[PDB]
Amino acid sequence: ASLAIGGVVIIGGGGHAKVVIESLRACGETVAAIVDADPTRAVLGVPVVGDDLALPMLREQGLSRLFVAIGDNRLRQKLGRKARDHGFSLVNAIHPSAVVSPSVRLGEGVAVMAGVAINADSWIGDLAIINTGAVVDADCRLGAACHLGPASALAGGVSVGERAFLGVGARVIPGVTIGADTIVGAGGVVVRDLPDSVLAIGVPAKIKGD
Amino acid sequence: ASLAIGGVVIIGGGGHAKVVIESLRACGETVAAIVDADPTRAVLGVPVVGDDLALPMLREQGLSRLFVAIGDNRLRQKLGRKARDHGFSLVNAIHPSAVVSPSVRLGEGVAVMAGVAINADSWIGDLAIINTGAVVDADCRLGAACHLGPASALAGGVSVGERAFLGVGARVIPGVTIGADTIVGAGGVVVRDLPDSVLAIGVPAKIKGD
Amino acid sequence: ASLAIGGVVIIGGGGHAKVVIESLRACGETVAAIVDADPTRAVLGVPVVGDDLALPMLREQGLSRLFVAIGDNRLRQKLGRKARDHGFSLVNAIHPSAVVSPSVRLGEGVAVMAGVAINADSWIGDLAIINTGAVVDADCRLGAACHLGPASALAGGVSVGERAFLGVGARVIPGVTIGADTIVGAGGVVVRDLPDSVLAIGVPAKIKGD
Ligand SMILES: CC(C)(COP(=O)(O)OP(=O)(O)OC[C@H]1O[C@@H](n2cnc3c(N)ncnc32)[C@H](O)[C@@H]1OP(=O)(O)O)[C@@H](O)C(=O)NCCC(=O)NCCS
Ligand SMILES: CC(C)(COP(=O)(O)OP(=O)(O)OC[C@H]1O[C@@H](n2cnc3c(N)ncnc32)[C@H](O)[C@@H]1OP(=O)(O)O)[C@@H](O)C(=O)NCCC(=O)NCCS
Ligand SMILES: CC(C)(COP(=O)(O)OP(=O)(O)OC[C@H]1O[C@@H](n2cnc3c(N)ncnc32)[C@H](O)[C@@H]1OP(=O)(O)O)[C@@H](O)C(=O)NCCC(=O)NCCS
Ligand SMILES: C[C@H]1O[C@H](OP(=O)(O)OP(=O)(O)OC[C@H]2O[C@@H](n3cnc4c(=O)[nH]c(N)nc43)[C@H](O)[C@@H]2O)[C@@H](O)[C@@H](O)[C@@H]1N
Ligand SMILES: C[C@H]1O[C@H](OP(=O)(O)OP(=O)(O)OC[C@H]2O[C@@H](n3cnc4c(=O)[nH]c(N)nc43)[C@H](O)[C@@H]2O)[C@@H](O)[C@@H](O)[C@@H]1N
Ligand SMILES: C[C@H]1O[C@H](OP(=O)(O)OP(=O)(O)OC[C@H]2O[C@@H](n3cnc4c(=O)[nH]c(N)nc43)[C@H](O)[C@@H]2O)[C@@H](O)[C@@H](O)[C@@H]1N
Ligand SMILES: [Cl-]
Ligand SMILES: [Cl-]
Ligand SMILES: [Cl-]
Ligand code: NA
């Protein structure tokens, strides 16, 4: 738990964390430490210092910036609130190759991976993930802790509910609203609104029941 | 109608205009004014000065560069001809993140959005839209006023007819020709030539009649 | 066969070569000559000097760097071995717009086109093609001489066998293994492992027999 001052604490030490670490370093930021539910190491050279019980120690030692690198959307949302309760500020991890329009509103704790484009007047909720190569056209609204998977695309005016997940290569046509907690499978093409809490797959995407 | 000299006039004041405005500003250009069929405001800080009846006034006051920011392909084509009749030059609106190969032939009034790649020896007709994240591989031929939607992709040697439209995430395999005025739905995967004036949807794309 | 010293020899003079030539020139490299099975010209200003029988002459004259610009995966693999037997080093042709993470392991003779992203801890075999706009998420393993077509995407932890081919816009969900010599059609969405030597198409991708 000997750290250098000033850097970013990461919650989570998986594959998603690797990619976030490399976005932060590409921006010139320093990653100080990881906390992981397996407290046993290092991720890309960043030390795993403990589990979430190490958060107060990290804060006391002067570290105050944090990113939640956990793919699971509800868990990420809960951990972001825990981190803020412990006095951390949630940074954004935006790869320098991402194109984020100057009229985009960004929340906090947002991941925006390499190759992303986000166009005019889009709003991006806290703790959203806009993954590698994803496209978000103008006037979209992305709720807190949703996840646009790699190579997915939203055409204009699409709203994505809190904690919704779009799989790799999913597509949404203009004006569509997708409910909270909804999953679009990989490659699904969404051509009408989706309610909350369903799973939709196919071209066109169709809701799959039990 | 008090303007600064030297900038670009925009026909259209919708969501597409927002994105074009931001491409032009990312290149260091100034947008002078919008003309919109609803002559009532501002779009991203650009004043709406009137409807298309204001074109001659704008030209007389020394403005001579124009972009047609209208998604509808036939309407865009008609408005580009009107603009040229009124003595405007049609500029291109190419986001600085777009990769346009040095052997690409570009027309005039072309939009090329953020994250696009256009490879060797492709030809891009006047008033085409190559939207956000779209890929155009080598040796493609894009007719005037066609529209490759966001995240769409053409493999090599594909020809797209005048005013054809490919929806978000559409794909075309090598060597395919798509007729004029044809629509490929979002996510459609085109594996054989399409004639003029049809609608094709699905993986693989199939023509949908009445 | 009068050449300038120091540049890259290209095997193949087709559409793929055009794109590779332009990646190399975008990096400031000089392309010295093409050898093509049709020994009859120039490709983008690069002289065709002969067929593969000209390799020893080229080496003797001091040229030692080579790229194999042949789309056919098995043929490319064979030609890369021939080139190395003749004393050439196989360079990589990585467009400057590609984002290649600093923990990616790259082989030799690899093409990485414009707009590609390759994330943390991915390994890319010799003579792989990562084509225009393709995305490779973290922890992927790409075998020698495979081809990820334009706008394709691998989510995390995907393994692609030697000489496998993914068509334009193909998608693979996390953790999937695709066998050697397997073809995924354009737009195919792979949701379970694929054995060697099959063809799979559709959303979801399904193996197509005779
Ligand atoms: C749709 C999904 C959520 C289903 O997971 P699951 O319910 O465990 O489903 P299974 O793998 O057991 O397959 C269920 C059935 O749906 C089909 N299926 C699975 N995923 C599909 C998809 N994306 N599109 C269409 N059909 C799909 C399967 O072929 C199977 O069909 P069957 O009835 O013929 O066997 C999942 O396959 C998916 O697409 N995940 C995306 C994950 C992702 O992209 N992650 C990126 C993280 S960065
Ligand atoms: C294909 C499209 C043009 C059809 O529009 P429409 O004819 O008004 O069709 P509807 O929304 O009434 O739906 C018609 C039927 O086709 C199906 N469908 C619609 N779009 C589909 C698509 N892209 N792929 C496959 N099926 C589709 C619907 O499920 C419906 O099926 P049903 O017979 O089971 O009800 C449209 O859905 C589309 O894909 N638009 C793309 C727009 C776009 O990407 N814009 C980006 C601008 S930058
Ligand atoms: C799948 C593929 C390999 C099949 O080639 P092929 O076996 O010669 O097939 P054909 O063109 O004769 O069509 C065979 C059948 O499969 C269907 N089909 C073809 N390609 C398909 C695809 N990608 N997805 C779903 N169905 C497809 C056809 O509609 C036809 O169906 P039918 O039985 O109703 O006629 C090919 O179409 C493909 O997708 N190629 C991708 C090439 C590419 O992306 N290259 C980029 C290089 S950089
Ligand atoms: C967006 C990505 O999300 C998922 O990636 P991921 O990195 O979140 O998932 P995994 O690789 O399983 O790693 C999650 C890591 O997160 C840790 N973890 C799991 N729960 C906790 C927790 O409560 N607190 C802390 N501090 N860490 C936790 C696990 O011990 C594990 O090391 C996967 O679904 C990927 O496919 C996807 N690309
Ligand atoms: C490429 C894009 O095309 C479409 O976007 P768009 O910006 O063209 O569409 P809208 O948002 O409806 O806006 C069109 C604007 O264009 C104006 N307009 C419509 N017709 C005219 C016209 O004849 N002359 C002028 N000067 N303006 C015209 C309308 O009054 C409206 O303000 C949509 O289909 C989008 O989903 C798509 N991304
Ligand atoms: C990745 C790309 O692969 C394929 O492109 P390609 O450039 O390899 O294919 P083609 O345009 O037919 O050109 C292949 C060139 O490669 C030459 N060639 C074919 N065989 C040989 C060879 O053994 N030695 C040499 N030196 N050259 C060979 C042919 O004479 C021809 O000029 C196509 O499938 C494209 O659609 C795809 N984008
Ligand atoms: Cl660091
Ligand atoms: Cl301006
Ligand atoms: Cl050169
Ligand atoms: Na892209």
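Numbering of ligands and ligand atoms starts at 1, following listing order. Residue numbers start from 1 in every chain, and the chains themselves are labelled A, B, ... in the order their sequence lines are given, proteins ahead of strands. Just so you know, these numbers use all the heavy atoms, side chains as well, and skip hydrogens, waters and symmetry mates.
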Do me a favour and list the nearest non-hydrogen protein atom to [atom] with residue, atom name and distance?
atom                    : result
atom 10 (P) of ligand 4 : A:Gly14 CA, 4.2 Å
atom 2 (C) of ligand 4  : A:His16 CB, 3.9 Å
atom 38 (N) of ligand 4 : A:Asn131 OD1, 4.7 Å
atom 4 (C) of ligand 4  : A:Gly71 CA, 4.1 Å
atom 16 (O) of ligand 4 : A:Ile70 CD1, 3.4 Å
atom 48 (S) of ligand 3 : C:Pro150 CD, 3.5 Å

Looking only at non-hydrogen atoms, find the nearest pair between [X] and [Y] and report the distance.
X        : Y        : value
A:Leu63  : A:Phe88  : O-CE2, 3.4 Å
A:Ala151 : C:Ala153 : CB-CB, 3.6 Å
C:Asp196 : C:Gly179 : OD1-CA, 3.1 Å
C:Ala138 : A:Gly15  : CB-O, 4.3 Å

Quiz prompt | Flag side-chain contact, heavy atom, 4.5 Å: C:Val104 against C:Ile124 | solution =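 Yes, close enough: below the 4.5 Å cut-off.
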Quiz item: Does the side chain of C:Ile201 come within less than 4.5 Å of C:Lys206's, by heavy atoms?
Solution: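 Answer no - side chains too far apart.
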Quiz item: So is there a nitrogen or oxygen of A:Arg41 less than 3.5 Å from a nitrogen or oxygen in ligand 4?
Solution: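 Such a contact does not occur with ligand 4.
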Quiz item: Going by distance only, is there an N or O of A:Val35 that falls short of 3.5 Å from an N or O of ligand 4?
Solution: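 Yes.
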Practice problem: Using distance alone, decide if ligand 3 has a nitrogen or oxygen within less than 3.5 Å of any nitrogen or oxygen in C:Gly185. | Solution: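 No, no N or O pair falls under 3.5 Å.
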Practice problem: May I ask you to identify, for C:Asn131, whether its side chain, its backbone, both or neither come under 4.0 Å of ligand 3 on a heavy-atom basis? | Solution: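 Near ligand 3, C:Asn131 shows its side chain, while the N, CA, C and O stay back.
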Quiz item: ligand 3 versus C:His147, non-hydrogen atoms closer than 4.0 Å: side chain, backbone, both, neither?
Solution: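 The side chain, only.
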Strictly less than 4.0 Å: does any protein heavy-atom distance to [atom] fall in that range?
atom                    : answer
atom 25 (C) of ligand 3 : yes
atom 36 (O) of ligand 4 : yes
atom 12 (O) of ligand 4 : no

From the options [options], select the one whose nearest heavy atom is closest to [atom].
atom                    : options                                : answer
atom 30 (O) of ligand 4 : A:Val168, C:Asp139, A:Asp36, A:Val48   : A:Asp36
atom 44 (O) of ligand 3 : C:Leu166, B:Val191, B:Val176, C:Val168 : C:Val168
atom 27 (N) of ligand 4 : A:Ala37, A:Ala54, C:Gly157             : A:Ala37
atom 39 (O) of ligand 3 : B:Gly156, C:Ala186, B:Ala153           : C:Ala186

With a 4.0 Å cut-off on heavy atoms, does [X] reach ligand 4?
X        : result
A:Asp52  : yes
A:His147 : yes
A:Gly15  : yes

Exercise. Answer yes or no: is there a donor N or O on one side and an acceptor on the other, between the side chain of A:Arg76 and the main chain of A:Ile70, under 3.5 Å?
Key: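 Judged by distance alone, yes, a pair lies under 3.5 Å.
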Quiz item: Any donor-acceptor pair under 3.5 Å linking the side chain of A:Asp52 with the backbone of A:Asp36?
Solution: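 Not a single qualifying donor-acceptor pair exists.
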Quiz item: Just heavy atoms, cut-off under 4.0 Å: does A:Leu75 contact ligand 4 by side chain, backbone, both, or neither?
Solution: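 The side chain, only.
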Quiz item: Any idea which part of A:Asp72 is under 4.0 Å from ligand 4, heavy-atom wise: side chain, backbone, both or neither?
Solution: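 It is neither part, as no heavy atom is under 4.0 Å.
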Quiz item: Taking 4.0 angstrom as the limit, do A:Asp126 and A:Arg84 come out as a salt bridge?
Solution: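 A:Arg84 and A:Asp126: salt-bridged.
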Self-check item: Candidate pair B:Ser101 and B:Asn119, rule side chain to side chain donor-acceptor pair (under 3.5 Å), full reasoning
Solution: CA-CA 5 Å; B:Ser101 137; B:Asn119 285 344; over 6 Å; no
Quiz item: Is the closest heavy atom of B:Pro174 to ligand 3 under 4.0 Å?
Solution: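 The answer is yes, since B:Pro174 has a heavy atom less than 4.0 Å from ligand 3.
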Quiz item: Which atoms from ligand 3 have a heavy atom of C:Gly167 less than 4.0 Å away?
Solution: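 So the atoms of ligand 3 that pass are 44 (O).
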Self-check item: Partner of C:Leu154 by side-chain contact (heavy atoms from CB on, under 4.5 Å), out of C:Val135, C:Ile178, C:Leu148, C:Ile130
Solution: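 Answer to the side-chain contact (heavy atoms from CB on, under 4.5 Å) test with C:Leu154 among C:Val135, C:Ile178, C:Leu148, C:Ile130: C:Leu148.
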Quiz item: About how many Å separate CG of A:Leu58 and CG of A:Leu66, when rounded to the nearest 0.5 Å?
Solution: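 The CG atom of A:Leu66 sits 8.5 Å away from the CG atom of A:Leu58.
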